[PDB]
Amino acid sequence: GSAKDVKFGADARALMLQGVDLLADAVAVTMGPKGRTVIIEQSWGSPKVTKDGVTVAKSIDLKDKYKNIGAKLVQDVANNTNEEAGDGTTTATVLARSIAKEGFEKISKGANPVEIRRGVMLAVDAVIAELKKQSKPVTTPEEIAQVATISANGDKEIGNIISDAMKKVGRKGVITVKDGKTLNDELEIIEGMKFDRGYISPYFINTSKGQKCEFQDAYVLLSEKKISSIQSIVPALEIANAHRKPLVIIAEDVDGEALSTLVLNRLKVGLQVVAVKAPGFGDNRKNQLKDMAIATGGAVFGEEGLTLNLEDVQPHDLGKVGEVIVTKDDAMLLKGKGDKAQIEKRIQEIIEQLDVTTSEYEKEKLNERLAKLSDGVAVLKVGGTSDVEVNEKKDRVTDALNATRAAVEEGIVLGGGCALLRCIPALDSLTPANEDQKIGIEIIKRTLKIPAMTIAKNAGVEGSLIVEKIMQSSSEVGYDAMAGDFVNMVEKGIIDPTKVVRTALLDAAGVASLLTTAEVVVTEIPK
Amino acid sequence: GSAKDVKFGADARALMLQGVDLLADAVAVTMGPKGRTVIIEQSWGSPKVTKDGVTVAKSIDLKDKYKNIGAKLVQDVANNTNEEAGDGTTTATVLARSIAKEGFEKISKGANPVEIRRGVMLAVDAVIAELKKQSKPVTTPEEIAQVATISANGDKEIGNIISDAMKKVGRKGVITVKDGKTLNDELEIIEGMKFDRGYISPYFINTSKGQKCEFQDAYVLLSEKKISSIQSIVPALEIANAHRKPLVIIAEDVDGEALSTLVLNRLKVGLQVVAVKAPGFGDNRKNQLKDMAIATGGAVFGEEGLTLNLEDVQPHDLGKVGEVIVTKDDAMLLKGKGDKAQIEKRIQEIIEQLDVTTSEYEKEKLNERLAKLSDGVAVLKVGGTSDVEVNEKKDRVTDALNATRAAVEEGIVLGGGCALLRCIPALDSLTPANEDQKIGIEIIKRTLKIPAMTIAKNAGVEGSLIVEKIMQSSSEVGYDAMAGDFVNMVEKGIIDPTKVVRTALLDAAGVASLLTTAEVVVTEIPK
Amino acid sequence: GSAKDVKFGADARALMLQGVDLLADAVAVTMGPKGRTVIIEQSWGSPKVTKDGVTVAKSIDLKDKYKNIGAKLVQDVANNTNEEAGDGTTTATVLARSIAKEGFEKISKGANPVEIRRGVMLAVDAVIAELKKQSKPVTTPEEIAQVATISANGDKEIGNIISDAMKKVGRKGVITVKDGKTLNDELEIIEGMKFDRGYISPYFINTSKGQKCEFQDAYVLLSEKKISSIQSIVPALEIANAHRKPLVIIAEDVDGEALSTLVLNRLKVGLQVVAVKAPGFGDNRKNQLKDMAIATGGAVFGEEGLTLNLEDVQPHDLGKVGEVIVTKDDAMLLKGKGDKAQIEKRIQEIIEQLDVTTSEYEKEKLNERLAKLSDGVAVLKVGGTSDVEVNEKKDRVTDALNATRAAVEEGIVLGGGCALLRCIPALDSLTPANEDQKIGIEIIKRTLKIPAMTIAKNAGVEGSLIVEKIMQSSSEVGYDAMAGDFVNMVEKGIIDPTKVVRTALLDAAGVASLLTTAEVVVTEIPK
Ligand SMILES: Nc1ncnc2c1ncn2[C@@H]1O[C@H](COP(=O)(O)OP(=O)(O)OP(=O)(O)O)[C@@H](O)[C@H]1O
Ligand SMILES: Nc1ncnc2c1ncn2[C@@H]1O[C@H](COP(=O)(O)OP(=O)(O)OP(=O)(O)O)[C@@H](O)[C@H]1O
Ligand SMILES: Nc1ncnc2c1ncn2[C@@H]1O[C@H](COP(=O)(O)OP(=O)(O)OP(=O)(O)O)[C@@H](O)[C@H]1O
Ligand SMILES: [K+]
Ligand SMILES: [K+]
Ligand SMILES: [K+]
Ligand SMILES: [Mg+2]
Ligand SMILES: [Mg+2]
Ligand SMILES: [Mg+2]
């Protein structure tokens with residue numbers, strides 16, 4: 001459709017590499033504990049100061065349309081490493097740059113770049129198998145704290161709060177990072193069923209100190225449909241008044257007649273009653289109301305599947321809770337007097353629904369519901385003086401959470417780039433099929449030294465001598481870039497998730513080996 | 001999305017500092033009692049002439065996109081100091097510039113800027129602890145006048161007019177700065193319940209001198225809903241006529257039939273009656289009408305929670321006031337004959353609602369309601385010849401009010417930048433963990449002299465000699481920039497709020513230490 | 001309409017060839033097993049890395065409007081070869097460039113380019129007849145795997161799964177290439193009737209493990225129109241309950257009364273019943289419902305042609321299936337207890353409708369229906385680390401599928417360009433009518449060596465010496481570009497489809513011989 005510019009051979013490959021080396025030099029400065037931080041100008045407001053590889057990579061676009069192709073491919077590498085792993089984007093960026101450079105240097109007239117790519121993938125599969133061979137499972141919370149500390153730029157107070165959250169809500173539990181209005185971070189553990197729905201009317205308040213609505217051992221009434229008529233709410237009030245028990249009515253809404261009855265009974269005779277909207281808008285609303293009915297111990301009125309009417313209310317069919325807190329912004333239920341067998345059956349139903357869904361938005365909803373039935377959720381509030389500090393620390397806390405989850409799921413290997421340095425003996429025992437696959441095997445063999453070299457280079461010391469001292473040392477001795485000496489990496493706590501390393505290596509290698517098969521580059525003419 | 005320009009190392013850090021030094025030189029000229037004033041061009045009309053640090057900072061944007069990043073970060077420093085404290089924005093600006101300069105000068109190949117930042121925050125926490133150690137509470141109104149005088153550029157009349165307002169309406173009372181049409185400032189104390197609602201009909205006037213509607217010992221009828229029918233207003237008029245007491249009807253509105261009845265009864269037989277609209281539009285109208293219900297001694301008719309009907313009106317159901325003044329623009333109620341216990345209970349309810357809200361717009365409403373139930377509010381009308389004078393003086397009056405509130409809340413330390421000069425012995429007793437945290441501790445140690453140096457530099461004298469004479473003097477002796485000698489600064493009245501100093505230092509240090517961790521700057525290409 | 005630029009003679013033919021040689025040099029680098037790969041800039045997102053001839057050709061447009069004509073004509077050559085054959089676009093591109101060059105070189109004052117074109121088409125018809133003479137039918141699945149391996153750039157793991165898919169679903173069966181979320185490719189064979197329609201209500205689930213709705217030996221009720229009334233669904237439930245058989249109701253939709261009846265019966269008494277929407281929107285919905293009626297063994301109710309009512313349902317009118325699985329996204333029917341004679345009659349009807357349609361969108365629908373009634377369909381999921389890998393491999397899998405189908409339809413000749421090299425003895429036995437047709441015969445004779453020369457040139461060796469060794473060898477000996485030696489092409493497995501070769505040659509030759517009749521070129525003036 002538009003006029004094109006076509007470039008051939010090494011005149012193009014030298015240009016695309018110029019886009020890689022420009023984008024992978026702004027990322028490699030953020031690697032390791034001694035790496036520095038990149039400021040990106042934001043158009044709407046204040047600049048974004050970040051140490052994240054995928055945030056630096058995604059913000060670099062080049063005016064030259066031949067360098068922009070290499071920039072976009074390394075952006076793809078970093079973005080894929082962020083998507084599948086959540087950490088190790090800088091390592092993937094520098095590995096992709098190294099593979100691109102080594103593959104561009106090795107292209108000759110008789111060379112076959114496709115067989116070089118095949119050798120690269122064969123060597124990478126061998127390295128991934130060796131990484132899975134040398135992994136160890138996480139068995140103690142000390143290793144959890146060590147992983148979260150290493151992944152958060154050596155911040156011990158972030159590892160110690162993520163480890164506490166995983167100890168409280170479970171290792172496979174819901175932990176959410178949130179903005180904080182204080183100077184220091186904090187951890188909030190939410191137990192029971194708390195939903196962001198307030199009371200319908202402010203006259204239900206019986207606690208003057210916190211402006212809350214609090215009862216003990218309260219009856220629970222639930223409904224899918226809106227409650228409007230007098231006859232649909234009076235019999236539940238008769239069960240509440242006869243047994244002398246408080247009532248909380250969770251519904252879609254309570255309309256004018258039912259509201260008038262509830263507030264008039266609350267203010268005049270002294271009946272204890274509160275009305276709360278139900279959380280959700282669609283099928284999640286139905287699922288949360290059914291979860292509430294299972295946890296409380298009663299049946300939920302007005303379901304579409306089964307004919308249940310609010311006109312006939314029985315005492316066994318109303319739920320029971322030991323504690324209910326309803327405020328203006330949220331409502332909270334604890335100690336539901338349900339049956340544990342049905343709660344476990346609902347947990348199994350949610351787990352089996354989780355195992356078959358892939359929408360990435362339903363999964364969060366069923367995880368939240370499962371955590372509400374389980375020990376609860378955790379909220380890490382990140383504190384700082386300004387929004388820039390909060391965003392910078394929130395990036396590191398999110399990276400630490402993702403790396404802690406990846407270490408839970410798969411395992412831990414040595415950190416500091418020393419995991420890939422012990423997979424070079426695995427590459428030295430490979431027999432290439434032809435001379436072209438040997439080139440790819442040597443490319444991958446020379447690439448495994450790059451992360452440790454970059455970590456040592458950002459620390460100011462010479463990367464090559466440090467790496468050569470690492471390989472000549474024992475299998476447990478590695479360089480500590482913060483302290484500057486050679487230590488036992490497991491004992492000192494420098495460990496990495498296996499999933500992060502084997503994701504970064506593969507996602508770098510595939511895209512870079514596909515890039516190094518290029519001869520002709522077609523771009524648009526700059527209008 | 002757009003083409004980017006990427007800069008590396010000291011070629012970028014020298015540019016961003018050029019945006020800091022440009023922004024923090026236009027602010028540092030306004031520091032101290034001998035500081036000068038900055039004129040900013042306004043596009044719509046007359047230029048804005050101001051001495052406020054945050055107003056000068058927020059008005060500076062630079063065409064170079066590398067200098068604009070440093071400009072935006074110092075803007076963030078000034079804006080955060082203005083939000084959290086309301087004063088000390090120039091001090092935060094100059095502290096941020098000094099920390100940025102000292103951190104940029106100390107970056108080498110082997111240096112770790114993250115550990116330098118950690119040392120900076122460690123030193124800042126030590127200085128903040130020392131500042132809280134040496135603070136004194138405000139115990140006399142003389143110190144209140146001294147704080148408001150120092151914060152208003154040495155204006156003794158502003159300090160006196162704020163000390164008098166705090167003596168009249170209370171230290172934690174509502175004081176509002178307003179435009180004045182005279183040459184001199186004035187203070188207006190509004191007692192009782194005054195709301196900006198006039199009478200419905202001009203025929204209710206019984207005072208010819210001021211065109212006001214005034215009664216003594218009047219009945220009060222309050223209506224939630226609009227009054228339209230004859231039967232909803234006649235029985236209240238029967239209670240008013242039988243007891244021979246004036247009646248004021250505060251409602252949403254008075255419609256045609258009730259209005260015709262009221263004006264016809266007022267003009268024909270001589271019944272004393274006035275109708276006023278209710279202040280507010282939503283829930284604030286409900287809360288204000290309830291406040292008048294408790295304050296007057298009656299119950300508000302037509303409430304949604306409890307069925308109250310205007311058709312049956314009892315003499316105990318009507319409030320009583322000792323004084324009512326209704327004009328065209330406002331209505332005024334004093335000496336309500338309510339019960340003091342219920343008034344105190346309503347005050348406690350408003351206070352407990354204040355302690356749990358964070359919307360920053362509801363807080364003003366509950367503060368206004370609490371002050372209406374309390375001694376009252378104060379209005380400082382700022383006088384001047386032109387609008388530029390009123391705006392320039394209003395900035396200083398607002399700064400004095402914010403600093404007086406901050407001195408009430410936390411305490412007072414020595415002014416003139418001498419509060420931070422006595423925290424250098426606190427820094428000299430710190431043991432840094434490594435060589436990189438020692439750099440940050442020395443950066444903060446060299447930064448604590450900067451406010452006193454800037455104050456002395458704006459006075460024309462040499463800052464370094466003055467600071468060295470301050471540090472070699474006693475703990476109470478400091479420089480007086482207005483008079484030019486070394487005086488006992490507590491006895492002379494040069495004091496500062498502790499909250500302002502410890503806010504400016506922290507908000508400068510966090511953002512500037514985050515800025516000094518930069519190596520790569522990514523900006524947009526100027527199209 | 002617009003101002004035109006007119007060029008005459010060799011000043012124009014030298015320009016248009018400059019557009020051919022620019023477009024056919026970016027394609028010829030992708031030829032053979034040692035050919036390289038072209039990166040094309042995409043405006044919206046990541047660049048497209050590809051080896052396809054027609055994708056490289058269609059993405060090249062030139063700013064010069066005289067070169068763009070030759071570029072557009074070679075684009076037409078590649079696009080026609082892609083439409084008619086699906087493979088061999090690079091061969092057609094290089095043959096078109098060679099014919100254009102040889103015809104442009106031979107134009108003189110006395111030459112007749114129209115008779116040169118006539119000689120070109122005469123020689124091409126002779127070569128096509130010789131190619132059809134030397135073809136062999138595909139008789140073993142080993143040749144199928146060899147063809148799919150050669151067409152997929154020597155990937156044995158693609159040819160193996162394509163051969164397995166053709167062995168499972170039949171050689172003339174539906175095979176669909178799809179995106180994969182894994183690292184490796186996979187093959188999914190779908191048997192029976194599977195349609196992408198879920199259940200109406202989630203309460204029909206009776207399998208907790210997979211959240212599926214599964215029965216065995218179930219009755220099937222099929223409805224053309226929507227089911228809403230009570231009386232239209234009750235008698236079918238009576239047949240289901242009396243015989244104690246599960247029921248699946250495939251309809252347009254099930255409305256509120258019927259849904260309430262179905263879920264209430266499913267939850268209360270325990271009747272096994274599921275409601276599924278019908279697949280399709282128009283006549284395809286009718287045809288699919290009729291096919292399900294024939295396969296299951298019942299009659300579809302509510303058809304427009306014949307008056308069938310849901311109020312009277314007989315046990316013989318309901319279909320029977322041995323296994324039904326209904327999930328949220330799809331339904332599955334297997335082992336329909338229909339009559340084989342009517343199923344074969346429906347298969348014959350679908351085949352006879354296929355033989356008379358040419359819309360290219362109905363053909364896919366009847367092929368899908370025929371495969372659903374036949375062994376089933378196959379889905380090849382292409383795996384990769386990133387989207388670029390998946391697209392690059394999907395192009396080769398799509399090429400291998402099309403070449404395998406073309407080898408099924410017509411036959412196989414020698415690969416590596418050795419098919420056209422054995423048709424030059426066929427050209428040496430032609431007697432030209434005049435001197436101008438002899439020029440075209442010699443042009444085609446010199447063009448038949450071009451594919452083998454290009455394959456040998458991309459391998460780094462000299463094309464002319466390799467070709468001259470090929471024609472001096474036996475009829476079965478050809479160059480293996482991957483291994484670099486002269487081998488028996490049939491025994492080593494280097495074979496090509498006859499249809500692909502005879503399509504590429506003809507589509508190149510016609511358009512290039514029409515191009516070589518040019519004397520005057522009229523273009524638009526570049527505004
Ligand atoms: N004290 C340390 N000594 C040596 N190596 C360390 C130390 N702390 C961390 N590392 C190593 O530094 C690397 C962490 O680098 P960094 O976190 O900056 O980037 P990343 O994980 O590749 O990507 P992302 O920017 O997405 O976090 C890991 O290889 C880790 O093992
Ligand atoms: N007579 C004085 N002698 C010495 N120092 C003084 C005197 N009066 C005020 N100061 C000091 O000068 C500073 C006041 O500066 P200024 O009010 O211009 O700026 P600020 O408070 O930092 O910010 P803002 O511009 O927002 O008001 C305080 O440190 C105060 O203690
Ligand atoms: N190992 C081999 N040795 C020799 N020739 C080979 C070998 N493998 C394939 N070929 C030949 O290379 C050609 C395949 O080229 P290629 O697949 O790149 O292009 P194409 O089929 O013309 O078009 P498209 O780009 O659409 O796939 C065929 O002529 C095939 O016979
Ligand atoms: K990083
Ligand atoms: K100032
Ligand atoms: K090709
Ligand atoms: Mg990390
Ligand atoms: Mg001030
Ligand atoms: Mg092909």
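The deposited coordinates, according to the entry record, derive from cryo-EM at 2.95 Å resolution.

In the annotation of the PDB entry, chain A is listed under the name 60 kDa heat shock protein, mitochondrial and assigned to Homo sapiens. Check the Catalytic activity section of the UniProt entry for chain A; it says "ATP + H2O + a folded polypeptide = ADP + phosphate + an unfolded polypeptide."

Observations concerning the overall build of chain A
Summing up its helical and strand segments, chain A has 21 helices and 17 strands in all. Expressed along its principal axes, the backbone C-alpha trace of chain A runs to roughly 95 × 60 × 45 Å. Taken across its 527 residues, chain A has 58% of its residues classed as buried. Intrachain contacts of chain A at a sequence separation of at least 6 include 76% that bridge at least 24 residues.

As for the site of ligand 3
All names here are of chain C. Around ligand 3, a shell composed of 24 residues is seen, among which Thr30, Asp87, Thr89, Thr91 and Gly416 lie nearest. Taking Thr30, its main chain carries an N or O atom lying 2.9 Å from an oxygen atom of ligand 3. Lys51 is positioned such that a nitrogen or oxygen atom in its side chain is 3.5 Å from an oxygen atom of ligand 3. Against a free-state accessible area of 640 Å², the protein chains account for coverage of 92% of ligand 3. Elements with a minimum of two residues in the shell around ligand 3: α4 (89-105) and β15 (477-480). Residue contributions to the shell around ligand 3 peak at three residues, all from α4. Along the lines of polarity and charge, the residues of the shell around ligand 3 split into eight nonpolar, 10 polar and six charged.

Here we look at the site of ligand 1
Residues and elements named next belong to chain A. Taken together, 24 residues are adjacent to ligand 1, and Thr30, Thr89, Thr91, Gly416 and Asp480 come closest. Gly32 places a polar main-chain atom, nitrogen or oxygen, 3.4 Å from an oxygen atom of ligand 1. Between ligand 1 and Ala481, the relevant distance is 3.1 Å, taken from a nitrogen atom to a main-chain nitrogen or oxygen of the residue. Protein contact buries 92% of the 650 Å² of open area that ligand 1 shows by itself. Where the shell around ligand 1 is concerned, the elements lending two or more residues are α5 (89-105) and β14 (477-480). No other element matches α5, which puts three residues into the shell around ligand 1. Looking at the shell around ligand 1 residue by residue, the class counts come to eight nonpolar, 10 polar and six charged.

Considering the sheet that holds strand β17 (residues 518-524) of chain A
If you trace the four strands from one edge of the open sheet to the other, you get β1(A)-β17(A)-β2(C)-β3(C), paired in mixed fashion. Of all the strands in the sheet, just β1 (4-8) of chain A together with β3 (48-50) of chain C have a single pairing partner and so form its edges. Along the sheet, successive strands turn relative to each other by an average axial angle of 20°, direction set aside. By the bridge criterion, four bridges tie β17(A) to strand β2 (residues 37-40) of chain C in an arrangement that is parallel. Within β2(C), the residue paired with A:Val522 across the bridge is C:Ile40. Along the sheet, helix α1 (residues 10-23) of chain A makes contact with β1 and β17 of chain A together with β2 of chain C, crossing β1(A) at roughly 105°.

Points about the coordination of the magnesium ion (ligand 8)
At the metal site, the magnesium ion (ligand 8) is ligated by B:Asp87 (OD) and B:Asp87 (OD), and these contacts range over 2.2 to 2.7 Å. Among the secondary structure elements, B:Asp87 is positioned in the loop between α4 (67-84) and α5 (89-105).

As for the environment of B:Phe104
Looking at the secondary structure, you find B:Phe104 in helix α5. In this structure the C-alpha to C-alpha distance between B:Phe104 and B:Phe204, which are 100 residues apart in sequence, comes to 73 Å.

Concerning the coordination of the potassium ion (ligand 6)
Residue and element names in this part refer to chain C. Protein coordination at the potassium ion (ligand 6): the donors are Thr30 (O), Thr30 (OG1) and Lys51 (O), at 2.7 to 2.8 Å from the metal. Of this pair, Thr30 sits in the loop between α1 (10-28) and β2 while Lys51 sits in the loop between β3 and α2 (53-58); the two residues are 21 residues apart in sequence, bridging distant segments of the chain. One exposure class covers both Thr30 and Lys51, and it is buried.

Concerning helix α6 (residues 141-150) of chain C
All buried positions along α6(C) are accounted for by C:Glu143, C:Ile144, C:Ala145, C:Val147, C:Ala148 and C:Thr149. At its buried positions, α6(C) is contacted by α7 (156-169), α13 (387-409), β14 (412-414) and β17 (495-497) of chain C.

A look at the environment of A:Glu83
If you trace the backbone, A:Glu83 turns up in helix α4 (residues 67-84). Through-space distance from the C-alpha of A:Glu83 to that of A:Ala57 is 14 Å; in sequence the pair is 26 residues apart.

Regarding the nonpolar core
Ranked by internal contacts, the top residues of the largest apolar core, which has 88 residues, are A:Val127, A:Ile444 and A:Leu448. Looking at this core element by element, the count peaks at 10 residues for helix α21 (residues 498-515) of chain A. The contact partners of A:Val127, leaving out residues within four places of it in the chain, are A:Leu420, A:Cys423, A:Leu427, A:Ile444, A:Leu448 and A:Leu505. Core analysis: the next-biggest nonpolar cluster, separate from the first, contains 83 residues, A:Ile39, B:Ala12, B:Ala100 and B:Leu427 among them.

Looking at the environment of B:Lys438
Of note, B:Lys438 is situated in helix α17 (residues 435-447). In sequence terms B:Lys438 and B:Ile116 are 322 residues apart; their C-alpha atoms lie 7.5 Å from each other.

Describing a positive patch on the surface
Residue and element names in this part refer to chain A. Residues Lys320, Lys335, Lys337 and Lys340 make up a contiguous surface patch of positive charge. Assignment of secondary structure puts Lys337 in the loop between β11 (331-336) and α12 (340-354). A residue is classified by how much of its surface remains accessible, and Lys337, at 40% relative accessible area, is partly exposed.

Comments concerning the interface of chain C and chain A
When the parts of a complex come together, some accessible area is lost, and that lost area is often used as the size of the interface. The interface of chain C with chain A comprises 42 residues on the first partner and 49 residues on the second. Between chain C and chain A, a total of about 3,800 Å² is buried, with carbon and sulfur atoms accounting for 58% of that surface. Looking at the side of chain C facing chain A, the largest losses of area belong to C:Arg36, C:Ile39 and C:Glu41, adding up to 21% of the total buried there. Scanning the region where chain C abuts chain A turns up two salt bridges. Salt-bridge contacts for A:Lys65 lead to C:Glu41; the nearest nitrogen and oxygen are separated by 3.5 Å. For the pair chain C and chain A, the interface holds 14 residue pairs in polar contact. Those elements giving two or more residues to the side of chain C that touches chain A turn out to be α1, β2, α9 (256-268) and α13 of chain C.

Rules used throughout
Residues numbered from 1 in each chain as written, not as in the entry; some residues may be left out. Chains lettered and ligands numbered in written order. Part of a larger assembly, values for the part shown. Heavy atoms only, no water. UniProt positions renumbered as here; feature names shortened; annotations may be inferred. Helix = DSSP H or I, 4+ residues; strand = E, 2+ residues; numbered from the N terminus. Buried < 20%, exposed > 50% of the residue type's maximum accessible area, 1.4 Å probe, protein only. Contact = heavy atoms within 4.5 Å. Near = heavy atom within 4 Å. Polar contact = N/O pair within 3.5 Å; in protein donor to acceptor, adjacent residues only side chain to side chain. Areas by Shrake-Rupley, 256 points an atom, 1.4 Å probe, with all protein chains shown as cover. Nonpolar A, V, L, I, M, F, W, Y, C, P; charged D, E, K, R; others polar. Pairing = 2+ DSSP bridges. Axes fitted to C-alpha atoms, helices over the stretch in contact; angles between N-to-C directions. Donors = N, O, S within 2.8 Å, 3.2 Å for Na, K, Ca; no water. Core = buried A, V, L, I, M, F, W, Y, C linked by side-chain atoms within 4.5 Å. Patch = residues over 30% accessible without salt bridge, like charges linked within 9 Å, V, L, I, M, F, W, Y side chains within 5 Å. Salt bridge = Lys/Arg side-chain N within 4 Å of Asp/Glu carboxyl O. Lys, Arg positive; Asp, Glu negative; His and termini not counted. Charge placed at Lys NZ, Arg CZ, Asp CG, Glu CD. Buried area = accessible area lost by both parts, 1.4 Å probe.

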